[PDB]
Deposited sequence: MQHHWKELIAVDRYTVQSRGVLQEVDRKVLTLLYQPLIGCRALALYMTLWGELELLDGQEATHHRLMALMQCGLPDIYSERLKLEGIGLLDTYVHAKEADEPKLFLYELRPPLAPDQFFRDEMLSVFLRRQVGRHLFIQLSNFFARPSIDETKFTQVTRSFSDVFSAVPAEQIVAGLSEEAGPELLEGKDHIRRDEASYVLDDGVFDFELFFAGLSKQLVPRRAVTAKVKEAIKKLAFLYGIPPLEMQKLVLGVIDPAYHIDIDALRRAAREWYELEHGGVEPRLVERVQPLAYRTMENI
C-alpha cells in the first residue's frame, strides 16, 4: 500500500555515477546494505540512462530484476537510509496511482566514508579486522612527504594574462591560485577603508572574488572602489552576483563586450 506495482516512477540524478564509486558500492556499502540492495542501485543506475527523464511503471523494475515487488521495496528503503537514494512523491491526483521520483545519490568518496564515525565502525564489524584493513589500504595511496619536498608550482598569473582582442583517496577540487600582487588591497583601501565599510565586512572569499574580476576584466583598484560602493547596500551586503554585473557593465563601457581572451605571457 506504500507501493503498488502499477505506481509510476522516474529516475534522475543531479550527479554522475562513476567507477570509483562502483567499487565503493561493492566493497564498502555492500557489507552494510547487503547484495540485493546493490542490484537495486545498479539497476536504477541503468534505468537512469535507459529513460532520459521518461516515465515508467514498477512492472519494468520487477521485469528488469526478475524479482517480486515486496523485495524491491524493502531494499529501496535500505538505499534511502544509507543515503544513496532520495525518494520524492508527486502531489497525488486524483484517485491514485502514485508518481515517484528516484533521485540517485553517488556514494561517499573513500576518504569521507572512513572518516564517518558510524559507517566505518559498522563496516569493521561486518567484514572483520583483517579484511577491514585490506579495504582501507585499497582505497589509500602513499602520502606526500612535505619534509623532502618544496612546491615550486607556477600560478595562473605567471602563465597567463587577460587581454582584450577584436592516506585515503579523495577528490581534491582543483583551485588555480591567483596570487596577490595582481591586485593591491591597501591601495584599494586608501580612499575607501575610512568609509566605515571595514576590513571586517569584506570576507576572505569576496577578497579572492574581486581579485578575479580584477585580473579578468583589467580593473585598477581605484575603479573597483566605485563598483563595490555602487552595488553595496546600507545593510552592508556584499553580493558576488551584482558585483559581477558591475564589472561586466564596466568592461562594456570601453571594450564593447568583446570579452577578454586567455593568452600566455
message = Which parts of the deposited sequence lack C-alpha coordinates in this model? Number from residue 1, please.
response = 1-5, 172-189, 289-300
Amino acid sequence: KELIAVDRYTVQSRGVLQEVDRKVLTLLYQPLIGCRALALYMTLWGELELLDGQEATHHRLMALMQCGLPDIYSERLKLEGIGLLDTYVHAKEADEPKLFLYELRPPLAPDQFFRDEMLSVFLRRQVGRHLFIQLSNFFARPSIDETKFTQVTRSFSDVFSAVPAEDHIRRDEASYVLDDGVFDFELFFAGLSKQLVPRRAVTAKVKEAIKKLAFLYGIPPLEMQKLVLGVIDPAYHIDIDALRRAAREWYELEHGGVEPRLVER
From here on, numbers count along this sequence of modelled residues.
ask   = In the PDB record, does 10-18 or 244-252 carry the higher mean Cα temperature factor?
value = 244-252
key: 30-38 set against 211-219, stretch whose average Cα temperature factor tops the other in the entry   = 211-219
request  = Among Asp180, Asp158, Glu80, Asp71, single out the one with the highest C-alpha B factor in the record, please.
outcome  = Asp180
task = Could you say which of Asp86, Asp184, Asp167, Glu75 has its CA atom at the highest B factor, as listed in the PDB entry?
result = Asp184
request  = Report the third (lowest, middle or highest) to which the CA temperature factor of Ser193 belongs, ranking only the modelled residues of the same chain.
outcome  = highest
query = Mind checking which third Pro234 falls in for C-alpha B-factor across the chain?
reply = highest
task = Rank-wise, by C-alpha B-factor, drop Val127 into the lowest, middle or highest third of its chain.
result = lowest
ask   = In terms of the CA temperature factor given in the entry, to which third of its chain does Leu101 belong: lowest, middle or highest?
value = middle
task = Please rank the C-alpha B-factors of the chain's modelled residues and tell me whether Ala109 sits in the lowest, middle or highest third.
result = lowest
